[PDB]
C-alpha cells in the first residue's frame, strides 16, 4: 500500500534518531535534510542545528574561551608564565574540520542504519505523501507515517530597518571568515549570553542589549549571578534597551537604540529567539494544526493528522534541547513499530547554560516552587563559594572595570542551591549549580532528584574531596534564615575539617 513505513522530514537530532531507531525494526525509512542558507548565505552539511550551528560549535568556542581565561588568570599562578595571541580563523578552522567529519559520520550512520538519506527540501502533499525536487523534477513518495523534525531558525525583527540586511545570527557566528571585532549581541537568551560570554573571553569588545531580564524562565538568583559575573569580566549590558535602526556607516554598523542612544559596532548579532521552520511544509492545506507561535500542536508527538508526527524544536510546550529531540524520536519509533507506551517525563529535563560560569539545573526555580507549593512550604538551602583551584589563583577584575581599590576580586565562581518542600520531608524539587563543569555536576544529581532524593539524602551523601560537587552534601544556610550563604574559605566545595 505505501512505498515507505516512515518518511522523516529533517536530518537533525530528532529526525536522525527516529529514522535509525525505526530502521532497526526492519522498517523501510527515508529521511530528507536540506539546509536553506542563513540570512547571510551560510550553509552546512547533514546533522541539523546541534551538529552545525548549535551545541557542538558553541561548546568548542566556549572551550577556547575557557583556555583564554586560564592563560590570562591562572597559568602564571600555576607556574606557567604564558604569552598568547588569538587567531579567530584558526579556531574557526578547528570547528569546521570537526563538524565536517561529523557531517560525513552521520551520512554513513544513516546508510549503515538502513535509512535512505535524500538531500532535498520535502513538503507534504497529503497525509501519506511527500514531494521533493530531484535533478529538476518534482517526485512524490508515499508512507504509512510521516515525522516532521525540521527544527527552528534564528528570528530577526522585520520592524527594525537594516536588521535583516546587516545583522548575523548563531547561523553565521561560528564560521565568520573575519573575526567579529566590536560586537553587539541583542538578546539575553541562553544563546545570547553564551555567545556574548565566549566573544568577551576571547578578547572582543562585547555588548548585550537586554530588553528586560536575563534568561527569562530560569531561576532569578542564578540568572542574575551569571550577569553579575559577565559584567565583572567585561561584557557591557544595555538594560531595557533594544535597537530600532541599523545602518552601514563606512565599515561599521551604526545602531540607534530605543532610549535615543547611538553606538557603532563591527558586528551585530540577533540572539532574540528562534521560529519553527514549518512555513514550507504546507501544514494548513493538510490540516496540521499550529499554535499562535507557529509551533506544531503535538503534546504526545501526534499532530491533528493521525499519520503525521512531530518531535524536537517545532513542537509546542517542550524544551528546545538536543537530548529531548533525540529521546522523543527514539521513543516515537518504539511506540510506532515495537508496541512501546514510553514517553519522556518532562518534569525532569536537566539543562546547562555554557556561560563563562556555567549554570545547570533540573526541576523548579525558586519562583516556580514558590508558585506551585507556596512560600511557607519551601526551604532554599544555598552556598556561594570559590572552586579551590580558582581561589588559590586570586583572579582579579580587569583594571578598567574596578569601581575602587576594594573591587579587585572577580565574584565567587560557584552557587549551589537546593529547593525543597517541607511538607514532603524536604523532598528536593529544584537543583541549581552555577560554576565550572555545571553540566558534568548536574547530570547525576538530576537522576537522584528524579528518584525522589530528600535534603536528608543530600546531607548523608559522602563527599568527593576536593570537588565543587561535594558542596551539595553540606548545605545548611537557608534563604528564610537571612544569614550569609557566602563562604570565603579556600577548601572549595568541601570541608577539609
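Positions refer to the first chain, counted from 1.
J.: Comparing 465-473 with 451-459, which stretch shows the greater average C-alpha B-factor in the deposited entry?
T.: Per the deposited B-factors, the answer is 451-459.
J.: Regarding 348-356 and 392-400, which shows the higher C-alpha temperature factor on average in the entry?
T.: That would be 392-400.
J.: At the C-alpha atoms, which of 320, 292, 171, 224 reaches the highest B-factor in this entry?
T.: Out of 320, 292, 171, 224, the record gives the largest C-alpha B-factor to 292.
J.: Sorting 233, 78, 150, 159 by Cα temperature factor from the record, which one lands on top?
T.: Highest C-alpha B-factor among the listed residues goes to 159.
J.: Lowest, middle or highest third of the chain for the C-alpha temperature factor of residue 45?
T.: Its C-alpha B-factor, which the entry lists for residue 45, ranks in the lowest third among residues of this chain.
J.: Please say which third, lowest, middle or highest, residue 18 falls into when its CA temperature factor is compared across its chain.
T.: Lowest third - that is where residue 18 ends up once the chain's C-alpha B-factors are sorted.
J.: Divide the modelled residues of the chain into thirds by Cα B-factor and specify which third, lowest, middle or highest, holds residue 36.
T.: Its C-alpha B-factor belongs to the middle third of this chain's values.
J.: Ranking every modelled residue in this chain by its Cα temperature factor as given in the entry, which third contains residue 327?
T.: Within its chain, residue 327 is a lowest-third residue by C-alpha B-factor, going by the deposited values.
J.: Among the chain's modelled residues, which third holds the C-alpha B-factor of residue 422?
T.: CA B-factor rank for residue 422: highest third.
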